[PDB]
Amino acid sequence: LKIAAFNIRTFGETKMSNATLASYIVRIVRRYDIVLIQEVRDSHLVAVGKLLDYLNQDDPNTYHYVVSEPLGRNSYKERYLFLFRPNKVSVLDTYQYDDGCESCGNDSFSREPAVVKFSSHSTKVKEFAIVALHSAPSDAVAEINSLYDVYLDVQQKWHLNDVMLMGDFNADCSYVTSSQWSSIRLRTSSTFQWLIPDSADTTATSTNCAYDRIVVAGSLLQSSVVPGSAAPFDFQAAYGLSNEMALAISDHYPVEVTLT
């Protein structure tokens, strides 16, 4: 089971209308049994529709979807999108983190985390959740720290300890400095194991930042991770791109992991 999280800079109609860039996005998505796409700026879901049109142009059930409404503290809004192969896993339930009350999810998060419960037959973990988060760069420390509370929420609602938290956490450089790690419960609690290390470069840009992450909780899930399989996926190297072309795809690499 190959799983990934991928901030696609302003993924939207303009981008998916461009045959070349669509082409690369499709090829990239095709790598994965489950993939989280972030920064979806797609007001009427047209871009989500095109991508799915491509992913399913042969077999209509190659990929299924879970998509959120537009989300964001203010007028700037994004969606979370989960794409998954129904032949490789199944979606049991999904919800949006809300902190027990309607607008209350916006109290911790600019983009209230989408949470998906999956069933997986081909791995040691039979059931796990994935919590998506694209944090607000300026509030990254609090938002990653708040993820600890999301985990408690999941545990309580689904009586389930196997939880993967992932996405563009903005977890590095000027937004999370090394001295601030001691204040993120998600990092200091032994319940969580951090698969993309601080040293990883997950930006397609000049910066050296471990912005995008994959954290796993629960012995079963943890013990299902293929050792050494978690890495950013540098698609500029992979596809032999100029940097200009890489950047037109996104300013982040996907981060990926493999479960067994």
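Residue positions are given as counts along the sequence shown, with the first one as 1. C-alpha atoms forming the largest set that superposes within 1.5 Å between two forms make up the rigid core.
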| item | value |
| --- | --- |
| More variable segment, 151-159 or 70-78 [Cα RMS over structures in 8 other deposited structures of this protein, core-superposed] | 70-78 |
| At least a third of the other entries leave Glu102 unmodelled | yes |
| Residue stretch of maximal mean CA temperature factor, 156-164 vs 139-147 | 156-164 |
| Greater mean Cα temperature factor according to the PDB record, 169-177 or 102-110 | 102-110 |
| Chain third (lowest, middle, highest) by recorded CA B-factor, residue given as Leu1 | highest |
| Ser90, C-alpha B-factor rank within chain (lowest, middle or highest third) | highest |
| For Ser17, the third of its chain into which the C-alpha B factor falls | middle |
| Chain-wide C-alpha B factor ranking for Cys209, given as lowest, middle or highest third | middle |
| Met245 - Cα temperature factor, lowest/middle/highest third of chain | highest |
